[PDB]
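A.B. asks: If you scroll down you'll find the structure; I have some questions about it.
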Amino acid sequence: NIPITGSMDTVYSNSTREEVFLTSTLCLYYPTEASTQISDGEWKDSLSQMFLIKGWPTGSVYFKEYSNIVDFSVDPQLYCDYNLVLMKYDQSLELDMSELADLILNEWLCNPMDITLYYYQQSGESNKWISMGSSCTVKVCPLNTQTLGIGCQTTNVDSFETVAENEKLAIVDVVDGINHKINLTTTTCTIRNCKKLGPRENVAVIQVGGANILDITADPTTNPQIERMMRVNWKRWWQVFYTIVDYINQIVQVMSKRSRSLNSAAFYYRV
Amino acid sequence: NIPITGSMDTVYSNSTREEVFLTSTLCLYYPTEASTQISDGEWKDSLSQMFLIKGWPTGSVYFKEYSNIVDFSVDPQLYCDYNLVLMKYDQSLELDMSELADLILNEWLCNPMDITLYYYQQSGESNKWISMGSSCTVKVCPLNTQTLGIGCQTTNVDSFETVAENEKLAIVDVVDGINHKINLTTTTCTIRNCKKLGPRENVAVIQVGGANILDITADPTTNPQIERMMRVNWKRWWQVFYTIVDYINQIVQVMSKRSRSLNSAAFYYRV
Amino acid sequence: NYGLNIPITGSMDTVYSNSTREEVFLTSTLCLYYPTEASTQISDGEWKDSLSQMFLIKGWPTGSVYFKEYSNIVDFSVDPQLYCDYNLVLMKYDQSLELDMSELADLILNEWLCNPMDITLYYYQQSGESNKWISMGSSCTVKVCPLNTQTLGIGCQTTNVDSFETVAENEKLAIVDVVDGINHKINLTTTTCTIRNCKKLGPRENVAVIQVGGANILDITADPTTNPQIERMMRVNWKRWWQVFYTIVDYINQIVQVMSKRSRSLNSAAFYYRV
Amino acid sequence: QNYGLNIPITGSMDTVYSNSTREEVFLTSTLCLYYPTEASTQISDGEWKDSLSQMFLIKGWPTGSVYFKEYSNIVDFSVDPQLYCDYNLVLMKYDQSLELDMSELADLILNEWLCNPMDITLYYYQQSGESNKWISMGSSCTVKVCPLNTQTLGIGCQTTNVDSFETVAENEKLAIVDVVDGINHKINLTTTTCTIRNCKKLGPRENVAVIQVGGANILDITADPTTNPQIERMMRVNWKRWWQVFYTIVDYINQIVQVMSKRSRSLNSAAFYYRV
Ligand SMILES: *[C@@H]1O[C@H](CO)[C@@H](O[C@@H]2O[C@H](CO)[C@@H](O[C@@H]3O[C@H](CO)[C@@H](O)[C@H](O)[C@@H]3O)[C@H](O)[C@H]2NC(C)=O)[C@H](O)[C@H]1NC(C)=O
Ligand SMILES: *[C@@H]1O[C@H](CO)[C@@H](O)[C@H](O)[C@H]1NC(C)=O
Ligand SMILES: *[C@@H]1O[C@H](CO)[C@@H](O)[C@H](O)[C@H]1NC(C)=O
Ligand SMILES: *[C@@H]1O[C@H](CO)[C@@H](O)[C@H](O)[C@H]1NC(C)=O
Ligand SMILES: *[C@@H]1O[C@H](CO)[C@@H](O)[C@H](O)[C@H]1NC(C)=O
Ligand SMILES: *[C@@H]1O[C@H](CO)[C@@H](O)[C@H](O)[C@H]1NC(C)=O
Ligand SMILES: *[C@@H]1O[C@H](CO)[C@@H](O)[C@H](O)[C@H]1NC(C)=O
Ligand SMILES: *[C@@H]1O[C@H](CO)[C@@H](O)[C@H](O)[C@H]1NC(C)=O
Ligand SMILES: [Ca+2]
Ligand SMILES: [Ca+2]
Ligand SMILES: [Ca+2]
Ligand SMILES: [Ca+2]
Ligand SMILES: [Ca+2]
Ligand SMILES: [Ca+2]
Ligand SMILES: [Ca+2]
Ligand SMILES: [Ca+2]
Ligand SMILES: [Ca+2]
Ligand SMILES: [Ca+2]
Ligand SMILES: [Ca+2]
Ligand SMILES: [Ca+2]
Ligand SMILES: [Ca+2]
Ligand SMILES: [Ca+2]
Ligand SMILES: [Ca+2]
Ligand SMILES: [Ca+2]
């Protein structure tokens with residue numbers, strides 16, 4: 001990063017809202033029960049026409065339905081330029097909802113893990129292991145300096161310490177600085193060693209249900225309410241979508257253009 | 001575009017080949033008979049590795065099969081950042097190959113036509129009508145200033161002068177200045193009035209078979225040869241792919257990044 | 001040691017003059033290479049004598065003109081020996097021979113330096129864009145298997161030749177290119193077909209390839225981007241071999257004016273075998 | 001690099017060249033031994049190539065830097081002898097009555113010949129001068145020459161009666177035939193099995209050294225009768241055992257290579273004259 005000098009007297013520039021609405025795309029990820037309750041199917045076209053009033057051209061809005069939160073957690077591709085994630089809260093899904101929110105909101109640099117050969121440590125605070133799949137049950141057996149289990153026997157998977165069971169997505173943090181042996185169902189689930197970089201400006205999460213419960217920061221001490229974790233009450237999905245459409249300017253104002261020299265190619269819905 | 005002054009003694013910048021290969025995607029479009037002759041199926045991954053040797057990241061190369069030339073001709077969507085189009089020449093497909101090459105190689109600004117109602121002229125030299133679908137059969141009837149057909153009755157479609165039949169794609173040019181009544185088979189084909197902007201520098205077409213026959217310029221007088229219309233003799237598709245991979249530096253150098261502000265969203269494959 | 005390091009200073013105003021002499025042969029020699037189709041259609045056998053008699057009036061003394069007769073393009077591609085000084089090669093175009101004609105043209109029109117390749121023992125690479133592998137013989141089936149850095153075949157198992165990848169099958173001549181900098185394990189029928197690691201020096205200009213038939217299809221440069229039109233890549237249009245030979249004889253002064261007797265080699269081979 | 005031009009080279013005479021030191025040619029070049037098959041038969045072995053390569057390594061030549069190209073016998077090797085190699089040694093075993101065949105083979109592989117083709121059934125030929133010969137190579141060459149006077153009428157021979165021709169060689173796999181320089185000749189030889197080429201002699205070939213293993217000095221390579229030079233590359237050694245001969249060659253290989261030199265035509269310096 002080179003320095004960029006700037007005066008403190010230059011006049012504020014005009015509003016760039018129209019430029020960004022003409023140049024960018026918005027995409028909404030909502031659960032299937034939304035469409036089920038709406039009981040329609042001209043509704044995507046109607047909402048596109050409705051967005052056109054707020055100033056998003058006809059092709060700018062992309063509605064990507066997903067089955068439900070736990071099933072969408074498994075490797076979410078956010079094919080867009082401004083991402084909204086409607087997220088219906090149900091009791092006992094708190095941790096999984098938080099996991100998904102952390103995953104998409106935060107920028108991660110992930111490396112493959114070969115569970116069958118190497119025992120993996122965690123470098124520090126920012127490192128986690130993310131396991132995604134149809135059913136991930138990661139079991140961890142910590143190891144000594146001589147590679148012998150403590151609280152576990154390295155060859156008896158039954159004595160291992162389970163930290164996730166049958167979960168589509170698990171973000172495990174273990175004690176940093178200790179080698180571990182992992183048992184995860186290699187045919188089903190894929191585990192990656194990831195480091196949390198800064199935040200992802202592209203995505204916003206609209207919790208639809210209950211109290212302020214999302215905790216992106218795995219640290220117990222800090223529980224910061226980030227601006228992109230919006231929340232709203234609901235009884236009717238039509239009311240939720242009308243709320244979003246009416247207040248779309250505020251939402252995209254909260255979000256901001258993504259900035260990262262990525263290396264993994266993937267499909268994007270850009271103009 | 002505002003003026004851009006420049007000095008004639010600026011030192012040449014360092015090469016950007018590494019940067020562009022690190023921040024772009026190469027985008028191969030090959031016929032299905034290619035893979036059938038290959039008789040393999042790790043070959044996509046193997047070619048990705050052989051591209052990684054040349055410099056591209058592991059996922060930056062995207063392979064897209066297509067059925068055959070006309071079936072690709074209908075709706076060419078180039079879902080990626082540097083497009084190479086392998087194109088096997090066989091006899092009697094000269095004009096459809098040329099039509100496809102022209103359509104992908106030039107930028108078109110274009111909009112629909114409601115054939116059943118209006119009469120349509122053509123603005124000038126750079127204004128064609130592009131018909132795409134399962135089976136296009138344009139049948140045109142020129143009119144007079146009095147709105148009576150010449151060589152054709154305005155009502156009797158049987159007297160209309162057909163200018164293409166049963167083609168998946170047709171880039172039809174008619175006399176520029178005469179109101180034409182069109183019949184086209186609305187079910188299995190759609191016709192859109194299109195105007196030709198500057199070149200689409202993002203694509204490059206590699207004719208695999210025999211001699212130079214592509215004539216993208218519909219004008220008889222001019223038959224220019226463009227750097228992006230490559231031609232390579234062949235007997236084995238493995239040899240074709242190996243030549244392309246080895247000389248990819250030359251190909252991407254010949255090709256340039258796109259420059260056109262689109263008003264439409266689409267699925268690109270970027271990094 | 002021809003002192004090929006010091007510059008030669010010319011002058012830009014003096015003069016247009018004559019070339020003195022050179023005493024290694026009484027005069028240059030012209031040298032046709034035609035297919036047997038020509039003889040069969042001509043249906044003669046004093047015709048070489050007649051063609052020599054007609055070159056004599058063009059100004060070529062008797063012993064200077066020689067004729068060579070190859071079976072066809074593929075059978076000439078194997079070890080094309082140019083035993084001679086001004087070589088013309090009449091290549092009758094036929095459909096599906098486009099790549100083979102291009103192979104032969106790229107072979108003879110350019111000056112190759114070839115090393116041996118012991119396929120059974122070692123893997124091989126390609127140093128740069130100018131380095132090809134040239135395989136010749138009665139029948140070549142070059143199956144390659146590229147290996148990663150760890151000497152593990154990618155897309156192929158080095159122990160199973162069936163998984164190897166056939167870049168060219170059953171060819172009399174194959175100028176095969178593979179991705180540069182990657183080791184390859186090669187497999188070809190060593191009894192019948194041999195292979196060589198050949199780098200491309202500059203162009204050879206004894207040879208004029210006269211495509212007798214169709215359109216401009218010769219692509220000597222393996223680069224897909226470039227497709228140059230060399231002056232020696234001639235293309236004439238034909239109905240009858242008498243007309244073809246008569247055109248060559250009539251215009252032979254231009255044919256040799258566009259060539260150079262200098263770039264000639266001791267041995268008649270199409271490459272310099274450097275062991 | 002200014003190829004294809006004769007441009008003079010000026011050079012100081014009193015230059016120290018204290019940097020100049022011995023060049024280790026063997027670290028890069030490739031030695032290349034040709035021996036008769038009876039050598040192998042007497043040796044009665046089959047890792048002797050390996051043993052000699054190991055001994056060459058101990059002299060200094062890398063493992064892959066020595067080739068052993070067997071040849072059946074002198075006559076069968078004489079036909080189209082192609083020495084595509086970087087330092088050729090040829091162990092010619094001498095037998096009585098093979099004097100001229102050894103001499104002509106040695107001439108062929110010691111002198112660089114520039115060869116034009118010939119069409120015997122179409123043209124008459126005359127040798128330009130001292131440096132020109134006709135090289136006839138094949139399974140069995142039988143050259144019959146009919147000299148022709150100015151009126152194209154044969155002398156000592158009828159132009160049509162091949163039988164009256166004057167045989168200059170018969171049943172020879174190699175024949176460097178020299179005739180009167182300045183006389184047109186009509187040639188006759190068995191075109192299917194033997195080829196003949198009009199060959200000028202350029203300078204010497206320095207890539208090749210010929211160890212005569214047997215008798216006295218008989219190699220008169222110069223077709224002139226007056227001059228009988230002894231080129232240093234025409235080496236000679238007595239013998240009673242092929243193992244002894246091979247050990248001698250391996251022991252003294254450095255001196256042999258000093259006698260030899262890099263092929264002049266092979267270098268880039270000869271790029272546009274007659275490069276090979
Ligand atoms: C982490 O722990 C699980 C729990 O055991 C491991 O599952 C085990 O996987 C192996 C290989 O897939 C199974 O081996 C099987 O053995 C039977 C006979 O014992 C044989 O018929 C099969 O062909 C196969 O070899 C093993 O049964 C299976 N264990 C259980 C309880 O089903 C898992 O492999 C561990 N993770 C890693 C990375 O090894
Ligand atoms: C910015 O806003 C002011 C006030 O509305 C307007 O006068 C000006 O033209 C705007 N800037 C541009 C570039 O249009
Ligand atoms: C500058 O160019 C040189 C080429 O010699 C290259 O090695 C170097 O990496 C380049 N530096 C940058 C920053 O691109
Ligand atoms: C074209 O003509 C056919 C036959 O008269 C008719 O069925 C079809 O509807 C016509 N299409 C249009 C667009 O007029
Ligand atoms: C050079 O060649 C031409 C060819 O016609 C000849 O007329 C001329 O006399 C020659 N030069 C000299 C100095 O004779
Ligand atoms: C080529 O492959 C065949 C099997 O198809 C094998 O028998 C042969 O030895 C291989 N050639 C070489 C030189 O290894
Ligand atoms: C050796 O030294 C001389 C002068 O001392 C110099 O001209 C020459 O270039 C040097 N050559 C080498 C190979 O060092
Ligand atoms: C050599 O002589 C024989 C004997 O008559 C003859 O048949 C043959 O044609 C002669 N060779 C040539 C090249 O004419
Ligand atoms: Ca335990
Ligand atoms: Ca979870
Ligand atoms: Ca941790
Ligand atoms: Ca927390
Ligand atoms: Ca078409
Ligand atoms: Ca009509
Ligand atoms: Ca027009
Ligand atoms: Ca044209
Ligand atoms: Ca394979
Ligand atoms: Ca071939
Ligand atoms: Ca190559
Ligand atoms: Ca080319
Ligand atoms: Ca003899
Ligand atoms: Ca006689
Ligand atoms: Ca003589
Ligand atoms: Ca003598």
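Identifiers for the structure tokens are assigned positionally: chains receive A, B, ... in sequence, residues are indexed from 1 per chain, and ligands are indexed from 1 in the order shown.
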Please give me, as a CSV table (one decimal) with N, CA and C atoms, in the first residue's frame, the residues lying within 7 Å of ligand 8 when counting only C-alpha atoms and all ligand atoms.

C.D. replies:
chain,number,residue,atom,x,y,z
D,120,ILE,N,23.5,-41.0,-64.6
D,120,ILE,CA,24.4,-41.7,-65.5
D,120,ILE,C,23.7,-41.9,-66.9
D,121,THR,N,22.5,-42.2,-66.9
D,121,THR,CA,21.8,-42.5,-68.1
D,121,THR,C,21.3,-41.3,-68.9
D,162,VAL,N,28.1,-51.3,-74.6
D,162,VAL,CA,28.5,-51.2,-73.2
D,162,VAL,C,29.7,-52.2,-72.9
D,188,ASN,N,28.6,-46.4,-66.9
D,188,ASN,CA,27.7,-47.5,-66.8
D,188,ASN,C,27.9,-48.3,-65.5
D,189,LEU,N,26.9,-48.2,-64.6
D,189,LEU,CA,26.9,-49.1,-63.4
D,189,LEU,C,25.4,-49.2,-63.0
D,190,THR,N,24.9,-50.4,-63.2
D,190,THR,CA,24.0,-51.1,-62.3
D,190,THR,C,23.2,-50.2,-61.4
D,191,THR,N,22.4,-49.3,-62.0
D,191,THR,CA,21.9,-48.1,-61.2
D,191,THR,C,21.1,-48.5,-60.0

A.B. asks: Please produce, as a Markdown table, a per-residue contact table for chain C versus ligand 20 (criterion: any atom at most 8 Å away, only C-alpha atoms and all ligand atoms considered), showing the nearest atom pair and its distance in Å to one decimal, sorted by chain then residue number.

C.D. replies:
| residue | atom | partner | partner_atom_place_in_ligand_line | distance |
| --- | --- | --- | --- | --- |
| C:219 | CA | ligand 20 | 1 (Ca) | 4.9 |
| C:220 | CA | ligand 20 | 1 (Ca) | 6.3 |
| C:221 | CA | ligand 20 | 1 (Ca) | 4.3 |
| C:222 | CA | ligand 20 | 1 (Ca) | 4.8 |
| C:223 | CA | ligand 20 | 1 (Ca) | 4.4 |
| C:224 | CA | ligand 20 | 1 (Ca) | 4.1 |
| C:225 | CA | ligand 20 | 1 (Ca) | 5.7 |
| C:226 | CA | ligand 20 | 1 (Ca) | 4.7 |
| C:227 | CA | ligand 20 | 1 (Ca) | 4.3 |
| C:228 | CA | ligand 20 | 1 (Ca) | 7.5 |

A.B. asks: Just write the chosen residues, N, CA, C and O atoms, as a compact mmCIF listing (two decimals), in the first residue's frame.

C.D. replies:
# COMPACT_ATOMS: atom_id res chain seq x y z
N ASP C 219 1.58 -23.97 -43.10
CA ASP C 219 1.87 -23.21 -41.89
C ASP C 219 3.15 -23.80 -41.31
O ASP C 219 3.11 -24.73 -40.51
N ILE C 220 4.29 -23.26 -41.73
CA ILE C 220 5.56 -23.79 -41.25
C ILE C 220 5.76 -23.45 -39.78
O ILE C 220 6.25 -24.28 -39.00
N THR C 221 5.38 -22.25 -39.37
CA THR C 221 5.64 -21.81 -38.01
C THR C 221 4.65 -22.47 -37.06
O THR C 221 3.44 -22.23 -37.15
N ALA C 222 5.17 -23.28 -36.14
CA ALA C 222 4.33 -24.00 -35.20
C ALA C 222 3.53 -23.07 -34.31
O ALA C 222 2.53 -23.50 -33.72
N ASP C 223 3.94 -21.82 -34.18
CA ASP C 223 3.16 -20.84 -33.45
C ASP C 223 1.78 -20.71 -34.10
O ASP C 223 1.70 -20.51 -35.32
N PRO C 224 0.69 -20.84 -33.34
CA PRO C 224 -0.62 -20.60 -33.96
C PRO C 224 -0.82 -19.17 -34.43
O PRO C 224 -1.49 -18.95 -35.44
N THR C 225 -0.24 -18.20 -33.73
CA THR C 225 -0.51 -16.80 -34.05
C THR C 225 0.01 -16.43 -35.43
O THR C 225 -0.73 -15.91 -36.26
N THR C 226 1.29 -16.71 -35.70
CA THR C 226 1.91 -16.31 -36.95
C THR C 226 1.69 -17.36 -38.02
O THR C 226 1.64 -18.56 -37.75
N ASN C 227 1.59 -16.90 -39.26
CA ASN C 227 1.40 -17.77 -40.41
C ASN C 227 2.08 -17.12 -41.61
O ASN C 227 1.41 -16.77 -42.59
N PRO C 228 3.40 -16.96 -41.59
CA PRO C 228 4.06 -16.14 -42.60
C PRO C 228 4.00 -16.77 -43.98
O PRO C 228 3.88 -17.98 -44.14

A.B. asks: One number please: atom CA of residue C:92 to atom CA of residue C:211, in Å, one decimal.

C.D. replies: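 These atoms are spaced 6.0 Å apart.
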
A.B. asks: Which residues form the shell of 9 Å around ligand 23 when you count only C-alpha atoms and all ligand atoms, given as a ChimeraX atom specification?

C.D. replies: /D:126-134,177-182,223-224

A.B. asks: Just the residues within 7 Å of stretch 195-212 of chain D, please, counting only C-alpha atoms, with nothing from its chain fewer than 3 positions along; format it as a ChimeraX atom specification.

C.D. replies: /D:86-94,109-118,131-138,191,233-237,260-263

A.B. asks: Residues near residue D:64, anyone? I mean within 12 Å using only C-alpha atoms, not counting same-chain ones fewer than 5 positions away, as a list in words.

C.D. replies: residues 118 and 275 of chain C; 26, 27, 28, 29, 30, 31, 32, 49, 50, 53, 54, 56 and 57 of chain D

A.B. asks: Please write the residues from the selection above to a file, keeping N, CA and C atoms, as a short mmCIF file (atom, residue, chain, number, x, y, z; two decimals), in the first residue's frame.

C.D. replies:
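Full text of out21.cif as output:
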data_model
loop_
_atom_site.label_atom_id
_atom_site.label_comp_id
_atom_site.auth_asym_id
_atom_site.auth_seq_id
_atom_site.Cartn_x
_atom_site.Cartn_y
_atom_site.Cartn_z
N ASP C 118 17.28 -41.27 -26.57
CA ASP C 118 17.15 -42.65 -26.11
C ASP C 118 15.85 -42.76 -25.34
N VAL C 275 24.71 -35.66 -32.71
CA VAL C 275 24.85 -36.72 -31.70
C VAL C 275 24.63 -36.18 -30.29
N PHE D 26 37.05 -33.02 -22.97
CA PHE D 26 36.35 -34.25 -22.64
C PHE D 26 35.16 -34.03 -21.72
N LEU D 27 35.08 -32.90 -21.02
CA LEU D 27 33.92 -32.66 -20.17
C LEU D 27 32.64 -32.46 -20.97
N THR D 28 32.74 -32.19 -22.27
CA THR D 28 31.57 -31.92 -23.10
C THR D 28 31.50 -32.75 -24.37
N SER D 29 32.63 -33.01 -25.02
CA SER D 29 32.61 -33.69 -26.30
C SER D 29 32.20 -35.15 -26.11
N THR D 30 32.06 -35.88 -27.22
CA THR D 30 31.66 -37.28 -27.21
C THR D 30 32.61 -38.09 -28.08
N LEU D 31 33.42 -38.93 -27.44
CA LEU D 31 34.29 -39.84 -28.16
C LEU D 31 33.48 -41.00 -28.72
N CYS D 32 34.01 -41.64 -29.77
CA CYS D 32 33.15 -42.46 -30.61
C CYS D 32 34.03 -43.48 -31.33
N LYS D 49 32.17 -53.27 -23.15
CA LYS D 49 31.82 -51.87 -23.35
C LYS D 49 31.72 -51.14 -22.02
N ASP D 50 31.10 -51.78 -21.03
CA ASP D 50 31.02 -51.17 -19.70
C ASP D 50 32.40 -50.99 -19.08
N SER D 53 34.11 -48.16 -20.77
CA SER D 53 33.51 -46.88 -20.39
C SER D 53 33.94 -46.47 -18.99
N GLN D 54 34.05 -47.43 -18.08
CA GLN D 54 34.55 -47.12 -16.74
C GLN D 54 35.98 -46.62 -16.81
N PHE D 56 37.42 -45.19 -19.37
CA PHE D 56 37.36 -43.86 -19.97
C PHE D 56 36.97 -42.83 -18.93
N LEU D 57 36.03 -43.17 -18.05
CA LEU D 57 35.67 -42.25 -16.98
C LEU D 57 36.86 -41.96 -16.09
#

A.B. asks: Can you pull out the residues contacting residue C:65? Cut-off 6 Å, using only C-alpha atoms, and skip same-chain residues under 5 positions away; I want them as a PyMOL selection string.

C.D. replies: chain C and resi 29-31

A.B. asks: Output as a list in words the set of chain B residues within 10 Å of chain A, with distances taken over only C-alpha atoms.

C.D. replies: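 Residues satisfying the distance criterion: residues 22, 23, 24, 25, 57, 58, 59, 60, 61, 62, 79, 80, 261, 262, 263, 264, 265, 266, 267, 268, 269, 270 and 271 of chain B.
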
A.B. asks: Go ahead and dump the residues you just picked, C-alpha atoms, as an mmCIF file, in the first residue's frame.

C.D. replies:
data_model
loop_
_atom_site.group_PDB
_atom_site.id
_atom_site.type_symbol
_atom_site.label_atom_id
_atom_site.label_comp_id
_atom_site.auth_asym_id
_atom_site.auth_seq_id
_atom_site.Cartn_x
_atom_site.Cartn_y
_atom_site.Cartn_z
ATOM 1 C CA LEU B 22 -2.218 -13.949 -11.881
ATOM 2 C CA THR B 23 -5.357 -11.780 -12.171
ATOM 3 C CA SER B 24 -7.147 -13.115 -15.283
ATOM 4 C CA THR B 25 -8.868 -16.289 -16.478
ATOM 5 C CA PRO B 57 -3.215 -20.254 -11.112
ATOM 6 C CA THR B 58 -4.677 -23.700 -10.624
ATOM 7 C CA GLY B 59 -8.313 -22.708 -11.192
ATOM 8 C CA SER B 60 -7.810 -19.839 -13.634
ATOM 9 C CA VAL B 61 -8.323 -22.006 -16.745
ATOM 10 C CA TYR B 62 -11.891 -23.004 -17.598
ATOM 11 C CA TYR B 79 -18.651 -16.872 -19.381
ATOM 12 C CA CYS B 80 -15.051 -15.887 -18.739
ATOM 13 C CA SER B 261 -19.537 -0.539 -20.356
ATOM 14 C CA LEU B 262 -22.342 -3.095 -20.355
ATOM 15 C CA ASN B 263 -25.868 -2.337 -19.171
ATOM 16 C CA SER B 264 -26.668 -6.035 -18.634
ATOM 17 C CA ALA B 265 -25.752 -8.463 -15.876
ATOM 18 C CA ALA B 266 -24.380 -11.898 -16.684
ATOM 19 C CA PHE B 267 -22.388 -14.762 -15.191
ATOM 20 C CA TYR B 268 -18.688 -14.110 -15.751
ATOM 21 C CA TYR B 269 -15.875 -16.285 -14.404
ATOM 22 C CA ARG B 270 -13.406 -13.865 -12.837
ATOM 23 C CA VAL B 271 -10.795 -13.930 -10.104
#

A.B. asks: Using only C-alpha atoms and all ligand atoms, determine which residues fall within 7 Å of ligand 14, then list them as a list in words.

C.D. replies: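 Final answer, ordered by chain and number: residues 151, 152, 159, 160 and 161 of chain B.
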
A.B. asks: How would you write, as an MDAnalysis selection string, the set of residues in stretch 101-166 of chain B that DSSP gives as strand (DSSP E)?

C.D. replies: chainID B and resid 106:112 127:136 139:142 161:162

A.B. asks: Which residues are near ligand 4 in this structure, taking near to mean any atom at most 10 Å from a ligand atom and counting only C-alpha atoms and all ligand atoms? Format them as a ChimeraX atom specification.

C.D. replies: /B:114-117,137-139,155-158,160,181-187
